[PDB]
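Just so it is clear, the values below take in all heavy atoms, side chains as well, and ignore hydrogens, waters and symmetry mates. Residue numbers begin at 1 in each chain, while the letters A, B, ... track the order of the sequences.
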Amino acid sequence: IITX
Amino acid sequence: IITX
Amino acid sequence: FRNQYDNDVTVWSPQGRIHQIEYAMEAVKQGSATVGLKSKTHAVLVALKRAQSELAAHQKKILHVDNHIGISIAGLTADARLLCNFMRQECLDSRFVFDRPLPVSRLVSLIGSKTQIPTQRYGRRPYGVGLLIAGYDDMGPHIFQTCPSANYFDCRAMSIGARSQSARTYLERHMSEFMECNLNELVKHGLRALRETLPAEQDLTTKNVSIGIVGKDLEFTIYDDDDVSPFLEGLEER
Amino acid sequence: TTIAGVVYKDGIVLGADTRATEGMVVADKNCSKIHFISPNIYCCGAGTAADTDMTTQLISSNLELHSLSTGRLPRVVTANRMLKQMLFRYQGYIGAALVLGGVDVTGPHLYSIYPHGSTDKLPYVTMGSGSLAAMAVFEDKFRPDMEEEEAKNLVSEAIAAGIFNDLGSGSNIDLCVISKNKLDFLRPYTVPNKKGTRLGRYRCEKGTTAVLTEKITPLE
Amino acid sequence: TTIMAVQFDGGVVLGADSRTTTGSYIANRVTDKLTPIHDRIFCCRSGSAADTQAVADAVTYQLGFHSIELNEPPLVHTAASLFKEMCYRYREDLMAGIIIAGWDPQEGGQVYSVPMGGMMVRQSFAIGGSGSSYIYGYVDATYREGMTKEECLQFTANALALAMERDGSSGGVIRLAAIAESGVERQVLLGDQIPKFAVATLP
Amino acid sequence: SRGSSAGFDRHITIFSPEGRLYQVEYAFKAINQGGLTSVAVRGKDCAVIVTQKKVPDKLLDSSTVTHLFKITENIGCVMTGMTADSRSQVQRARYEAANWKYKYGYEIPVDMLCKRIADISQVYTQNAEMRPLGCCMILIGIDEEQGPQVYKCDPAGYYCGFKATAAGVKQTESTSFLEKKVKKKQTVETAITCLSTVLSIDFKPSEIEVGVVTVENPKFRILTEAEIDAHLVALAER
Amino acid sequence: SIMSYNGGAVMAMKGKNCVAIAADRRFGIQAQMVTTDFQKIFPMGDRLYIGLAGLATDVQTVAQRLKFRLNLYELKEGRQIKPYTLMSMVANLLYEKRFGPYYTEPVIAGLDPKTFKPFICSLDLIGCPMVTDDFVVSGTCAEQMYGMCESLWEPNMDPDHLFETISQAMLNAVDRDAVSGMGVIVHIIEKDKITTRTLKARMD
Amino acid sequence: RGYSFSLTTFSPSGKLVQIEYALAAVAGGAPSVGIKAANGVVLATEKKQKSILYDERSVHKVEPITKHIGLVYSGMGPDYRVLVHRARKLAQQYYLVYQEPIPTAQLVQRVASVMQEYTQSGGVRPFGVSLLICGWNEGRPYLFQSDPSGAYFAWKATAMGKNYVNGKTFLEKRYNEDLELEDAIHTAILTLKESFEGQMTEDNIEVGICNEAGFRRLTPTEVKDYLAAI
Amino acid sequence: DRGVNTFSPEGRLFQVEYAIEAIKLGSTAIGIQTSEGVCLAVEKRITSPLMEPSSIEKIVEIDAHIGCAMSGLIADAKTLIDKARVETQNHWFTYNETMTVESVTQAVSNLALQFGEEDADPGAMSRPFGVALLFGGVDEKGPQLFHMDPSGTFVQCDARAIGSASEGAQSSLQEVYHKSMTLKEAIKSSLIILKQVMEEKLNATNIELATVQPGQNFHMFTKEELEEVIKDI
Amino acid sequence: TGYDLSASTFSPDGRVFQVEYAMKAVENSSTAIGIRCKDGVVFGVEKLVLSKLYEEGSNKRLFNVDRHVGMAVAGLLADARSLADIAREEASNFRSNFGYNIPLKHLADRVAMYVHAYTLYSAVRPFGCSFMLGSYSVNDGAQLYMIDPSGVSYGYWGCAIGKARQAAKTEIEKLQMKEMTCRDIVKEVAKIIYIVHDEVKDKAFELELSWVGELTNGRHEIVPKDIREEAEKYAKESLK
Ligand SMILES: [Cl-]
Ligand SMILES: [Cl-]
Ligand SMILES: [Cl-]
Ligand SMILES: [Cl-]
Ligand SMILES: [Cl-]
Ligand SMILES: [Cl-]
Ligand SMILES: [Cl-]
Ligand SMILES: [Cl-]
Ligand SMILES: [Cl-]
Ligand SMILES: [Cl-]
Ligand SMILES: [Cl-]
Ligand SMILES: [Cl-]
Ligand SMILES: [Cl-]
Ligand SMILES: [Cl-]
Ligand SMILES: [Cl-]
Ligand SMILES: [Cl-]
Ligand SMILES: [Cl-]
Ligand SMILES: [Cl-]
Ligand SMILES: [K+]
Ligand SMILES: [K+]
Ligand SMILES: [Mg+2]
Ligand SMILES: [Mg+2]
């Protein structure tokens with residue numbers, strides 16, 4: 001899952 | 001988590 | 001004046017009546033007669049059992065509810081059973097929860113609440129049955145009467161069903177005697193009142209009388225057939 | 001991620017970096033973390049990327065419905081409520097950490113909103129893995145009633161702090177300036193990081209890759 | 001967090017520190033933990049920030065609607081009851097230690113504790129939050145029956161100053177509020193205004 | 001067409017051949033059954049609602065006889081029409097406003113509250129199983145940008161904002177009076193003068209109710225008997 | 001790890017008036033290769049393709065259920081779907097499964113059906129979209145693919161140079177990953193045609 | 001629960017009379033006009049604004065659905081408000097999935113489909129409104145009508161409400177395909193003047209326009225300006 | 001037009017009274033209870049020589065110790081019969097004993113009056129059952145015969161006829177019946193009475209007979225066993 | 001008129017005849033009265049005795065709905081009892097949620113909206129009953145409310161429901177109840193019941209009496225037997  |  | 005106001009239990013008439021309720025009450029008026037009365041110590045039910053033919057057994061009119069409560073029925077049998085089963089369940093629940101008998105007035109209130117509900121909802125109908133309810137509890141013996149209208153009555157004595165007005169008149173005549181009667185006398189009175197409802201030809205027999213008794217020393221018990229013989233003889237009258 | 005916001009004399013300045021990671025690898029070098037909520041409200045997003053995208057979009061959409069109905073400019077307290085009540089409902093499983101800033105009929109307002117649904121109404125906030133770097137800048141240098149250019153300097157300095165000291169943050173600085181009279185969406189505001197220049201030629205001539213099978217499918 | 005409320009004749013005093021933590025980072029140094037539930041009823045919040053904010057917003061809604069229906073100011077005991085009901089019913093899903101305090105015309109100044117688990121008990125004064133452990137002794141030795149309002153404010157600021165000194169999880173500014181028939185008076189004690197007690201350096 | 005009818009278009013909310021909804025029209029007639037009239041007017045500084053207060057008995061606790069209601073601290077309303085219907089619509093409005101404040105963090109604007117109640121009333125004009133409410137709601141409040149506001153909704157689900165308006169038995173005559181007065185280029189005095197004209201009564205302080213909101217004091221306020229008398233005496237001495 | 005169970009890798013790459021999408025051909029279950037011609041790239045329109053690496057069961061399910069949604073959209077609207085709109089559609093589909101997601105990370109490559117403008121993007125497994133002007137990668141050897149793409153990709157490449165670059169990035173990336181390979185397939189998407197090639201490639 | 005049986009049914013001659021009767025409510029409503037210019041669309045409507053007591057700006061008949069789509073109607077106002085709310089809600093559902101504003105034709109289809117529900121679903125009557133829906137997308141204007149049956153039509157120009165049949169023939173001898181928007185607004189207002197009675201101010205008509213910049217109501221001062229000429 | 005739960009002015013449910021009128025359109029069935037068992041006899045009512053007579057089934061087995069004869073709208077009877085079967089097996093499952101005849105009849109009769117159009121869970125019963133039933137069997141109270149009609153009223157009967165010719169048949173049953181009557185006599189009697197009241201000439205194909213006895217399980221008579229009994233005519 | 005079969009149907013004059021018909025059931029019933037006074041509320045009911053076989057106390061038309069609230073009914077008794085249950089549950093729930101005894105006005109307004117809900121739909125009929133609710137406390141004083149089948153609720157100094165409603169009211173109007181105690185008002189309630197009783201049309205009635213005031217410490221209770229009998233005697237001898 002991409003995170004910021 | 002975030003507490004007082 | 002009538003026809004558009006008489007099919008739905010949700011339709012008030014222009015005189016402030018509900019014809020479906022009144023019609024339901026006719027179901028009980030056309031049932032065979034039953035008498036309920038009490039003394040200081042006992043509540044008795046007495047019932048005439050209709051036999052359809054000569055070879056039929058006579059319809060059961062008296063039902064065990066709990067050790068301390070039994071009922072007499074007039075009206076639609078199937079509605080009688082549904083209500084009797086409801087009453088049985090409320091009595092079991094009370095013993096499960098509190099380990100003590102459901103008080104008779106409280107049971108009767110639950111009948112009222114329950115039976116009122118369908119009188120106010122579209123497509124539902126009143127219960128087509130009236131009950132005489134014999135019970136014994138901390139407040140002594142009881143005779144209650146319940147109706148298709150969901151109203152109920154606490155009675156010194158009562159009769160419902162066909163030609164019960166005669167039985168009511170007898171009961172009024174002798175009610176001042178009831179509170180101090182022994183059990184035999186009290187049943188004798190119940191039987192005499194019931195006997196007034198009969199055509200003059202007809203007599204009380206062991207085939208057509210059913211008796212129910214609860215009191216201070218006695219669980220609700222039903223007497224049928226050969227077990228009523230002791231109470232009939234007896235036989236004051238003429 | 002480093003995101004941040006500031007209340008200045010005449011409005012809000014929001015800031016964000018532009019890195020997005022899948023583990024300890026950069027997936028996106030120029031990702032946009034300052035989201036439209038309404039013409040007068042924006043929201044920076046940190047945390048689970050899909051959650052910040054879908055959460056800000058949903059609330060923006062419901063506010064458009066709301067303002068369509070009222071015929072009025074939406075309020076920052078309304079965006080804040082909607083977000084916090086949703087996040088609270090989901091018990092922290094929506095991993096959205098937000099810096100909500102805008103200007104309405106009652107003036108400039110700035111909130112930070114956490115995944116579990118708590119919010120803090122403050123004159124400066126920071127969120128994300130670079131938030132302590134950004135916050136150090138704010139504690140060192142923030143003054144009340146800054147002019148627009150001061151506030152923009154301070155926010156870009158705060159994002160830079162995150163960019164350079166947090167492996168989670170990187171690439172460009174984006175700002176959004178919101179006042180009664182203006183909305184400046186400055187993407188990019190600064191490009192402090194530049195990819196190094198490609199030294200060798202790898203001129204892969206046609207035929208270098210061997211091919212087994214070919215099909216041409218013409219179109220019209 | 002440290003929170004506190006004290007009854008006096010005619011009203012209440014409430015106090016809190018201003019620290020919000022995640023682990024040992026301070027997410028808010030100037031938090032406002034004394035939230036208004038009605039015109040003259042406040043809650044002091046400790047525990048989860050998300051939980052106590054959500055619960056306080058819900059009780060505010062419940063009580064505001066109740067109050068319009070009855071067309072009378074709400075009872076403090078009714079605010080406390082609503083907090084109790086929600087905190088007890090959702091005790092397995094909430095982390096909230098609440099003090100409800102205020103004034104109504106019927107019972108005057110009142111302080112109710114609704115600690116974690118959701119019991120409710122009325123008290124002369126109440127303390128809660130992590131930091132409250134460090135001031136049980138102090139408040140037990142200092143509390144006097146019959147304190148004036150100004151005495152209650154001083155007592156409250158002292159107690160919170162002491163807790164804030166020792167509790168890593170408390171700190172920042174002291175926020176106070178006094179609630180009486182005449183209304184709500186809020187203030188901040190910050191920096192040199194916070195009561196000071198010497199660190200016990202060696203002779 | 002011209003008053004035509006097919007099927008059940010007079011009994012339920014289906015269209016008549018002309019595309020009317022007779023049941024909705026009849027809900028308007030139900031508003032006048034109460035026999036009361038209400039008037040509202042707005043100025044630059046305030047909004048006022050005045051209604052009749054009939055206390056024919058005296059065994060009534062006259063404090064409980066009111067058609068003025070607080071919706072929020074800053075929104076008042078006067079109801080006109082069937083009383084129980086009106087009370088139900090007030091409860092709904094209070095709930096809608098409270099709920100708005102909880103979800104959105106600011107007070108419901110008067111126009112939105114009126115719109116929401118209107119939208120709810122609309123459902124009763126399209127769904128066959130319930131009747132419209134036989135009542136009319138007039139709302140007052142201060143808006144931060146637009147000033148004092150008077151809004152009205154009706155059983156059709158129409159709503160509108162007004163410089164002044166009326167409801168009930170003398171609604172048409174009140175509208176005429178207010179039109180003639182507003183055509184040129186004191187708000188409490190206009191409301192009570194309008195009402196007194198159309199009824200031809202010339203009031204006592206206990207025969208009317210007055211509610212106000214002002215730019216200065218936006219909290220909805222019901223005037224006392226004394227406060228009303230001050231206005232009555234000030235008007236009597238031209 | 002769930003995503004390493006079947007292995008696999010896809011990438012897409014942007015050029016001058018064209019796009020490329022590529023994929024390995026292996027279908028395996030942990031160490032065991034089952035098949036060497038498994039489809040991972042699916043047409044979504046004449047000039048618009050989706051490539052799905054990840055758990056093989058969900059590669060197929062997402063492709064099929066996306067098709068369901070796409071066909072309905074196109075019958076109902078007037079028209080062929082735009083690249084950006086397909087992304088949002090996929091995003092929406094994957095985010096519905098936010099709390100029990102499909103184990104696939106798609107890449108989309110296509111030309112806009114009116115303008116013919118090149119589009120590429122990828123999405124994570126819960127539908128975070130990510131549009132780029134150069135390249136996107138997805139699968140068990142993502143770091144290998146990033147290495148190749150960051151070093152070889154240039155702007156404004158024509159169809160022949162774009163083909164060589166994507167092919168070299170795939171072949172060399174997958175040759176450093178045990179559970180990707182057994183062949184590479186490449187689609188070059190142009191305004192006027194689709195060129196589909198399988199590459200000479202290691203089969204170990 | 002509600003009544004579960006339909007309240008519109010087929011009559012022996014094959015008509016659904018409850019819809020016909022909903023159409024009559026529309027026909028008795030205040031006049032509305034829609035003209036599709038080459039570069040935009042105009043919607044105009046009469047306010048049945050009797051009393052000087054009405055606040056004219058307090059409710060609007062010309063409403064935005066999105067930044068690019070707009071509505072007006074003839075028939076029952078409260079019914080119209082239900083459909084405005086659904087239209088808006090539908091426009092957002094679309095936007096959340098596709099991240100592109102809903103095309104006018106798609107919005108019209110979804111709104112019409114709701115109107116169809118109310119001709120068949122249990123215990124309800126049809127809506128007594130027709131909608132005119134304007135929008136701009138794919139660099140091109142659109143004007144649509146949706147009727148109480150849920151049928152929808154794309155128009156170059158049309159009229160609905162009281163005296164519509166004349167309105168249609170007025171436009172039939174007056175619209176050309178190559179017409180500019182500002183000209184179209186002039187003829188829209190003249191179309192309403194045919195069936196007016198009362199003398200027109202800017203406070204008793206309402207006009208919306210739709211173009212490349214998006215949809216908006218004209219302001220009273222803009223309408224005032226066009227009304228100089230008329 | 002009126003709801004299915006409307007009372008008449010005389011205090012009866014129209015639908016139940018009308019359902020009782022449907023019973024008079026059914027074939028005659030006879031039940032007799034003796035000290036040596038109970039017998040059940042039913043007119044088949046063959047409508048065509050092409051119809052297979054064994055495919056008419058108006059006496060059925062409930063359990064080994066209980067048979068059921070029916071008259072009225074026969075399709076309506078199926079769900080009642082199935083309920084009787086399922087209840088006896090449930091009773092066996094739970095208590096490890098045979099359910100009494102009375103108790104089976106009671107269980108079935110509690111389905112009577114469970115119709116209506118606004119409480120209604122599924123699409124539940126819209127109307128009563130147009131069926132009358134004779135349950136004949138043996139339990140610890142001895143041989144036993146019960147009658148049940150669409151009202152839900154049920155009752156023990158020494159002998160009983162149901163269907164079109166039941167007034168007549170019942171009259172003949174009061175005449176021939178006595179308490180000390182044997183089973184084989186009761187069998188003969190019921191065929192004698194069926195012969196009188198049937199429109200068709202009685203034979204071994206257009207009737208059914210079954211018995212239940214203390215000794216023996218429920219037993220449907222065969223063509224051959226019917227012919228034997230028919231000889232005395 | 002036409003028009004009168006469903007509470008979901010207005011007549012052309014804007015009436016709901018089904019509600020009006022329910023009210024007629026109340027006005028056919030025998031009379032119940034409530035009087036608020038200086039220090040509480042008193043109720044009295046003309047309880048017609050339809051048989052000498054009924055027990056003294058059967059068919060109560062006075063109910064405790066909370067320990068501090070009395071209910072006095074007229075109309076169809078089963079509907080009234082069901083409404084008593086609703087009231088009881090509303091008071092019970094109020095205490096559980098808000099932690100104090102339900103204020104009478106609020107209980108009246110809540111039960112009234114329940115009554116009102118049965119005046120909108122073909123699916124149900126209106127209640128065929130009117131009822132008074134009475135209470136006392138030191139903070140709120142004496143309060144007496146009355147609800148009718150339409151769901152309208154108002155507070156009263158004096159009130160009557162049933163068939164002799166108007167006759168009762170004109171006797172109640174002669175009392176200065178604001179200055180009188182509960183101990184005095186019982187006698188006057190008993191008196192009024194005897195005045196409005198039509199002793200020729202319907203012989204034999206029981207007087208049913210209850211109160212709530214200072215003297216009961218805010219508890220709603222039956223009037224004691226000895227006090228009732230003194231009130232009966234006072235009313236009886238006042239008539240002859
Ligand atoms: Cl009977
Ligand atoms: Cl029966
Ligand atoms: Cl009765
Ligand atoms: Cl009777
Ligand atoms: Cl907030
Ligand atoms: Cl982060
Ligand atoms: Cl701090
Ligand atoms: Cl907080
Ligand atoms: Cl709130
Ligand atoms: Cl605690
Ligand atoms: Cl605590
Ligand atoms: Cl804490
Ligand atoms: Cl799907
Ligand atoms: Cl889709
Ligand atoms: Cl239905
Ligand atoms: Cl809307
Ligand atoms: Cl606009
Ligand atoms: Cl029969
Ligand atoms: K500290
Ligand atoms: K309706
Ligand atoms: Mg939690
Ligand atoms: Mg490999």
Side-chain angles (χ1 to χ4, degrees), chain B residues 2-4, chain D residues 118 120, chain E residues 1-8 11-21 26-37 41-56 59-60 76 79-80 83-84 87 94-102 109-140 142-143 152-179 184-190 194-195:
Chain B
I2 116 161
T3 29
Chain D
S118 73
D120 290 284
Chain E
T1 299
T2 316
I3 51 171
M4 178 170 182
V6 192
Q7 197 186 322
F8 66 90
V12 291
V13 182
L14 299 81
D17 76 301
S18 67
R19 185 164 287 193
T20 298
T21 57
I26 297 164
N28 189 350
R29 309 158 35 193
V30 295
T31 321
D32 190 7
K33 305 183 192 185
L34 303 185
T35 101
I37 308 302
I41 303 177
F42 274 56
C43 71
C44 314
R45 293 173 310 111
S46 78
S48 173
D51 292 351
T52 57
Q53 285 178 17
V55 169
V59 172
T60 298
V76 184
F83 268 102
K84 177 265 291 198
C87 290
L94 286 173
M95 199 181 92
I98 302 302
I99 296 169
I100 301 95
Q110 302 148 81
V111 173
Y112 297 93
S113 298
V114 177
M116 291 194 193
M119 67 176 268
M120 175 181 80
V121 60
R122 189 180 168 179
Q123 297 191 289
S124 296
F125 72 92
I127 58 176
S130 60
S132 69
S133 307
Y134 309 118
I135 58 173
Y136 276 97
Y138 173 74
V139 299
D140 290 356
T142 308
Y143 173 79
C152 287
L153 285 162
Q154 188 67 76
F155 178 52
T156 300
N158 286 350
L160 295 170
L162 292 167
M164 286 159 81
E165 185 57 31
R166 291 289 188 174
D167 186 22
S169 302
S170 301
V173 303
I174 292 165
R175 292 191 189 281
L176 298 169
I179 299 168
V184 180
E185 296 176 0
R186 299 202 64 165
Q187 56 173 310
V188 184
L189 303 183
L190 54 92
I194 299 172

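- To the nearest 0.5 Å, atom CD1 of residue E:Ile98 and atom CD1 of residue E:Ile3 are 6.5 Å apart.
- Pairing each heavy atom of E:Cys43 with each of E:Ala56, the nearest pair is SG-CB, 4.2 Å.
- Atom CZ of E:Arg29 sits in a sparse spot, with 12 or fewer heavy atoms from other residues, nucleotides or ligands closer than 6.0 Å.
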**Message:** Please evaluate residues B:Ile2 and D:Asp120 with respect to the criterion side-chain contact (heavy atoms from CB on, under 4.5 Å), reporting the C-alpha separation (whole Å), side-chain torsions for both, the decisive distance (0.1 Å), and the verdict.
**Reply:** CA-CA 11 Å; B:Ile2 116 161; D:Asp120 290 284; 4.2 Å; yes
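- When the side-chain hydrogen bond (donor to acceptor under 3.5 Å, both in side chains) test is applied to E:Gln154, the partners found at least two apart in sequence or on another chain are E:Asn158.
- At distances below 3.5 Å, at least one donor-acceptor pair connects side-chain atoms of E:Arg175 with backbone N or O atoms of E:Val30.
- E:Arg186 has its side chain out of reach of E:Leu176: every pair of non-hydrogen atoms, C-beta onward, lies at least 4.5 Å apart.
- Considering all non-hydrogen atoms of both residues, E:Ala157 and E:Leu189 come closest at CB-CD1, 3.4 Å.
- Looking at heavy atoms from C-beta onward, E:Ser130 lies out of side-chain contact with E:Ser46 at the 4.5 angstrom threshold.
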**Request:** Could you give me the CA-CA distance, side-chain angles and deciding distance for E:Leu153 and E:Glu185, then say whether side-chain contact (heavy atoms from CB on, under 4.5 Å) is met?
**Result:** CA-CA 11 Å; E:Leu153 285 162; E:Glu185 296 176 0; over 6 Å; no
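- Between atom CD1 of residue E:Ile26 and atom OG1 of residue E:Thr21 there is a gap of 8.0 Å, rounded to the nearest 0.5 Å.
- For E:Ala79, the side-chain contact (heavy atoms from CB on, under 4.5 Å) test picks out E:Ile41, E:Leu63, E:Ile100, with sequence neighbours left out.
- Taking the side chain as every heavy atom from C-beta outward, E:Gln123 and E:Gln7 never approach each other to under 4.5 Å.
- With hydrogens and angles ignored, the 3.5 Å screen pairs no side-chain donor or acceptor of E:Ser132 with any backbone N or O of E:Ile127.
- In terms of heavy atoms, E:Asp51 sits closest to E:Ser48 at N-OG, 3.1 Å.
- Remark: E:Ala163 engages E:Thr2, E:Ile135 in a side-chain contact (heavy atoms from CB on, under 4.5 Å) (not counting sequence neighbours).
- Under the 4.5 Å side-chain criterion, counting only non-hydrogen atoms from C-beta, E:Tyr134 is not in contact with E:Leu162.
- Taking the salt bridge (charged side-chain N to carboxylate O under 4.0 Å, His left out) definition, one finds that E:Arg122 meets it with nothing, sequence neighbours left out.
- For the pair E:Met116 and E:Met95, the minimum side-chain heavy-atom distance is below 4.5 Å.
- Every residue two or more places apart in sequence or in another chain that forms a ring pair (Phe, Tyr, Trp, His ring centres under 6.0 Å) with E:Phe125 is listed here: E:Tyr143, E:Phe155.
- Exactly one of E:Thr52, E:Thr20, E:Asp17, E:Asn28 qualifies for a side-chain hydrogen bond (donor to acceptor under 3.5 Å, both in side chains) with E:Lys33. That residue is E:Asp17.
- Contact detail for E:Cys44 and E:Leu34: the closest heavy-atom pair is SG-CD2, 3.4 Å.
- Contact between E:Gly172 and E:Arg19 at its shortest, heavy atoms only, is N-NH2, 4.3 Å.
- Residues E:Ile99 and E:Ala5 approach most closely at CG2-CB, 3.6 Å, considering heavy atoms.
- Under the rule for a ring pair (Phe, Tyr, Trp, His ring centres under 6.0 Å), E:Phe42 has no partner lying at least two apart in sequence or in another chain.
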